[PDB]
Participant: 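I'd like to ask some things about the structure below.
When a ligand or atom number is given, it counts from 1 through the structure's own listing order. Chain identifiers are assigned alphabetically (A, B, ...) following the order of the sequence lines, protein sequences preceding nucleic acid strands; residue numbering begins at 1 within each chain.
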Protein chains: 2
Amino acid sequence: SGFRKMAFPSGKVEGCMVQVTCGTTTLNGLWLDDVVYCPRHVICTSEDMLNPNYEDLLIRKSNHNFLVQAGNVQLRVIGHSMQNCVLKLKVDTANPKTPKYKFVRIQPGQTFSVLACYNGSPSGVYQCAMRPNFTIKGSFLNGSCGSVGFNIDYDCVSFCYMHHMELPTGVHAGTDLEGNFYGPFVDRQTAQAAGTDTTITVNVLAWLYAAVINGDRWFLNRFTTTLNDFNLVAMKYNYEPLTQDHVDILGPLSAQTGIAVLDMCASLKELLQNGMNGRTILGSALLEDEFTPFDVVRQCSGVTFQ
Amino acid sequence: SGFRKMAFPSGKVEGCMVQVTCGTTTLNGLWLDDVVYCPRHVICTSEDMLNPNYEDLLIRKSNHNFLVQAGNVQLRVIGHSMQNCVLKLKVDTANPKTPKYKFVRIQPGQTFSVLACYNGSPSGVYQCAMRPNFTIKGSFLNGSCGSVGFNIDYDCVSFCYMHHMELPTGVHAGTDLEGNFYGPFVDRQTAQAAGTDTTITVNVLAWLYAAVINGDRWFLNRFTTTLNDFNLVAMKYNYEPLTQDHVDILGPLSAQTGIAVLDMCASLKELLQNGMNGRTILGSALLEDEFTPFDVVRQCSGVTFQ
Ligand SMILES: *C(=N)[C@H](C[C@@H]1CCNC1=O)NC(=O)[C@H](Cc1ccc(Cl)c(Cl)c1)NC(=O)[C@@H](NC(=O)NC(C)(C)C)C(C)(C)C
Ligand SMILES: *C(=N)[C@H](C[C@@H]1CCNC1=O)NC(=O)[C@H](Cc1ccc(Cl)c(Cl)c1)NC(=O)[C@@H](NC(=O)NC(C)(C)C)C(C)(C)C
């Protein structure tokens with residue numbers, strides 16, 4: 001029993017983190033085979049950030065302008081290129097600890113583990129969700145750029161996020177590992193702000209199923225509702241609409257607990273309208289939306305990785 | 001900016017987990033140098049648990065009754081002994097991935113990372129605190145026994161917890177790595193229940209400092225209080241008393257924010273008496289007590305490990 005914000009084991013990723021220095025700027029890089037991936041803003045000075053032409057900035061660099069360190073070993077940079085907003089540094093040595101991996105662009109609502117790093121050295125791991133407004137609510141300090149987000153599927157590391165910047169509201173923005181930003185953000189210092197965020201409805205329902213599995217039943221009721229009646233209520237409270245695909249995804253949890261999805265929706269509708277009234281669910285006094293249906297299955301069934 | 005429930009990177013510990021089978025029971029073991037540590041209840045059958053004599057049970061086993069697997073390699077057991085409630089299996093091979101490590105018995109209020117494992121394989125990592133009643137609020141399923149809790153200090157892994165059992169309220173009990181239970185629990189199936197829990201006051205104050213560092217100031221006020229006036233209020237709300245040592249530990253956070261500890265205490269006193277009134281702090285609608293002062297410093301200053 002029990003339910004925690006659980007991250008993936010980070011060992012396979014720790015062995016791929018390196019330090020990258022260009023000029024006075026040091027941040028983190030991801031070393032896979034003979035390529036080091038890092039944010040391209042590493043090549044900028046303070047004067048360039050207002051409107052950088054990255055093609056010009058890169059053509060004026062040479063391979064020896066890039067200092068790449070793996071622990072105490074210096075890696076020799078033999079090539080460099082740019083893909084969207086990531087820099088790819090080719091090095092003379094293939095990382096012997098390269099895991100089986102793939103690169104994946106995730107959707108809002110999905111969750112992943114972040115390995116927060118400073119100077120190439122792992123500092124901590126935590127779980128977060130890609131919000132509907134394409135930011136993440138992370139924890140990052142100076143020097144954390146190039147830290148990556150990932151999932152593990154059996155034996156395979158899926159990299160989905162590389163950290164680039166913090167926005168004025170204190171939330172975070174970055175790219176997939178092919179250098180495409182999530183959301184409307186760009187790597188030039190111009191006025192940018194996150195759009196309004198919404199609550200990830202399918203995840204709240206997953207978490208209410210987790211509560212039932214763990215013995216929290218006080219919010220259940222005998223009613224049922226329809227998708228369209230539920231969604232009319234969800235919209236008013238700034239919740240994402242529920243689709244038939246969401247219903248199907250929750251199937252395994254409905255089956256294990258015996259409570260129909262549309263039954264659970266009537267409970268959520270009541271909680272939205274009357275509040276939780278000084279009660280808690282799974283130790284929380286707010287409805288939690290950063291667990292996917294798969295997170296709940298994994299943690300309430302016991303899936304491992306090799 | 002930002003603030004998350006952050007666990008330590010787990011790579012150094014993943015390489016020490018093995019699977020241990022005795023009879024029909026399989027659980028996890030910790031392989032360091034040429035010794036595998038695991039809960040001694042692995043040697044029990046269902047009939048023995050009501051009142052096991054572990055000395056008798058162990059004398060009737062031989063080295064080949066213990067099946068120890070590291071991935072796909074079988075490790076050959078060449079000796080076995082018991083230390084308190086842990087079994088130590090001597091094996092013919094020293095773990096080449098043994099980190100620099102030590103064994104530490106922690107105090108209530110301290111936090112640590114748990115690497116949850118099934119069949120020797122890491123499943124997830126999360127952070128928790130050893131409660132004042134010597135339980136932890138973990139997340140564990142069948143087969144998780146022998147999963148360990150740890151901290152990292154520079155380059156050294158400090159093991160502090162090995163998982164043995166779940167109590168009827170859904171919380172968890174285990175031993176240090178020398179086999180001594182935390183709390184009044186014993187490994188015989190008899191009626192046992194956790195004592196009443198209290199809230200870890202010094203940790204709540206640390207977390208209120210974290211909130212200030214991240215821009216949540218609405219709960220501050222101009223007042224100050226005394227230790228003895230604060231503690232009189234804390235007692236009524238089932239909070240641990242605050243000592244002068246607690247005050248000193250919070251020094252670094254007081255200094256970075258400019259708010260005296262006893263100033264912060266007057267804010268907490270107000271929050272206890274009037275509630276948070278539908279407001280949140282660091283995204284929570286309850287006062288959080290599972291971050292130590294050191295956790296906050298580490299996450300709001302950026303300490304890494306090598
Ligand atoms: C990366 N090592 C570091 C991580 C930051 C520090 C605090 N929290 C974090 O997540 N980020 C940077 O160095 C980054 C460089 C940069 C500047 C400008 C642009 Cl457009 C990009 Cl894509 C990257 N700086 C910042 O994140 C910066 N924020 C902004 O400048 N944001 C706007 C205004 C461009 C939206 C600070 C947080 C002010 C350092
Ligand atoms: C270990 N692999 C497993 C982990 C459990 C499963 C569910 N959640 C967990 O944390 N634990 C056990 O196999 C354990 C064996 C055992 C039995 C009896 C005693 Cl005294 C000890 Cl120290 C260990 N069983 C249990 O944890 C058991 N709980 C109790 O029997 N608890 C009391 C009544 C002895 C307090 C179940 C949770 C019922 C399986």
Participant: Is it the side chain (CB and beyond), the backbone, both or neither of B:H41 that lies under 4.0 Å from ligand 2, heavy atoms counted?
Facilitator: side chain

Participant: For atom 20 (Cl) of ligand 2, which candidate among B:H172, B:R188, B:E166, B:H163 provides the closest heavy atom?
Facilitator: B:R188

Participant: When you measure from atom 2 (N) of ligand 1 to each heavy atom in A:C145, A:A194, A:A173, A:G170, which option holds the nearest one?
Facilitator: A:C145

Participant: Heavy atoms only: give me the nearest A:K137-A:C128 pair and the separation to one decimal.
Facilitator: O-CB, 4.3 Å

Participant: Among protein heavy atoms, which lies nearest atom 33 (C) of ligand 1, and at what distance?
Facilitator: A:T190 O, 4.1 Å

Participant: Below 4.0 angstrom from a heavy atom of A:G143, which ligand 1 atoms are there? Numbered from 1 as shown, please.
Facilitator: 2 (N)

Participant: If you scan the protein for heavy atoms around atom 39 (C) of ligand 1, do you find one that is closer than 4.0 Å?
Facilitator: no

Participant: Do you know which two heavy atoms are closest between B:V186 and B:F181, and how far apart they sit?
Facilitator: C-CE1, 4.2 Å

Participant: Can a donor-acceptor pair be found between the side chains of A:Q69 and A:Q74 at a distance below 3.5 Å?
Facilitator: no

Participant: Does atom 11 (N) of ligand 1 have a protein non-hydrogen atom under 4.0 Å from it?
Facilitator: yes

Participant: Touching ligand 2 at all, B:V186? Heavy atoms, strictly under 4.0 Å?
Facilitator: yes

Participant: Just to verify, which of B:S144, B:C145, B:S147 counts as forming a side-chain contact (heavy atoms from CB on, under 4.5 Å) with B:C117?
Facilitator: B:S147

Participant: Among protein heavy atoms, which sits nearest to atom 14 (C) of ligand 2, and what does the distance come to when rounded to 0.1 Å?
Facilitator: B:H164 O, 3.8 Å

Participant: Taking a cutoff of less than 4.0 Å between a non-hydrogen atom of the residue and any ligand atom, is B:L141 in contact with ligand 2?
Facilitator: yes

Participant: B:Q189 to ligand 2: N or O pair under 3.5 Å?
Facilitator: no

Participant: Between B:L27 and ligand 2, which part of the residue brings a heavy atom under 4.0 Å of the ligand: side chain, backbone, both or neither?
Facilitator: neither

Participant: Under 4.0 Å from atom 35 (C) of ligand 2, can you find at least one protein heavy atom?
Facilitator: yes

Participant: Just one of B:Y126, B:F134, B:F140 clears the ring pair (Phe, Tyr, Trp, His ring centres under 6.0 Å) bar with B:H172, so which one?
Facilitator: B:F140

Participant: Where is the nearest protein heavy atom to atom 18 (C) of ligand 2: which residue, which atom, and how far?
Facilitator: B:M49 SD, 3.3 Å

Participant: Apply the test side-chain contact (heavy atoms from CB on, under 4.5 Å) to residues B:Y54 and B:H41: give CA-CA distance (whole Å), side-chain angles for both, the deciding distance (0.1 Å), then the verdict.
Facilitator: CA-CA 8 Å; B:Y54 283 100; B:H41 69 65; 3.8 Å; yes

Participant: Ignoring hydrogens, tell whether any protein atom lies closer than 4.0 Å to atom 24 (N) of ligand 2; use the non-hydrogen atoms only.
Facilitator: no

Participant: Quick one: look up the protein heavy atom nearest atom 6 (C) of ligand 1 and list residue, atom name and how far away it is.
Facilitator: A:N142 OD1, 3.6 Å

Participant: State the atoms of ligand 2, each with its element, that fall below the 4.0 Å cut-off from a heavy-atom position in B:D187.
Facilitator: 20 (Cl), 22 (Cl)

Participant: Would a line drawn from the ring center of B:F103 to the ring center of B:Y37 be shorter than 6.0 Å?
Facilitator: yes

Participant: Strictly inside 4.0 angstrom of atom 30 (O) of ligand 1, do you find any protein heavy atom?
Facilitator: no

Participant: Which residue and non-hydrogen atom of the protein lie closest to atom 32 (C) of ligand 2, and at what distance in Å?
Facilitator: B:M165 CE, 3.6 Å

Participant: Is it the case that A:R105 places NZ or CZ above or below the six-membered ring of A:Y182, under 6.0 angstrom from the centre and within 45 degrees of the axis?
Facilitator: yes

Participant: Is it the case that A:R298 places NZ or CZ above or below the six-membered ring of A:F305, under 6.0 angstrom from the centre and within 45 degrees of the axis?
Facilitator: no

Participant: Nearest 0.5 angstrom please: B:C300 SG to A:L141 CG, how far?
Facilitator: 7.5 Å

Participant: With sequence neighbours excluded, what pairs up with B:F150 under the ring pair (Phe, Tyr, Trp, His ring centres under 6.0 Å) test?
Facilitator: none

Participant: Exactly one of B:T111, B:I136, B:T135 should register a side-chain contact (heavy atoms from CB on, under 4.5 Å) with B:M130. Which one does?
Facilitator: B:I136

Participant: As an exercise, identify every atom of ligand 2 less than 4.0 angstrom from a heavy atom of B:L167.
Facilitator: 35 (C)

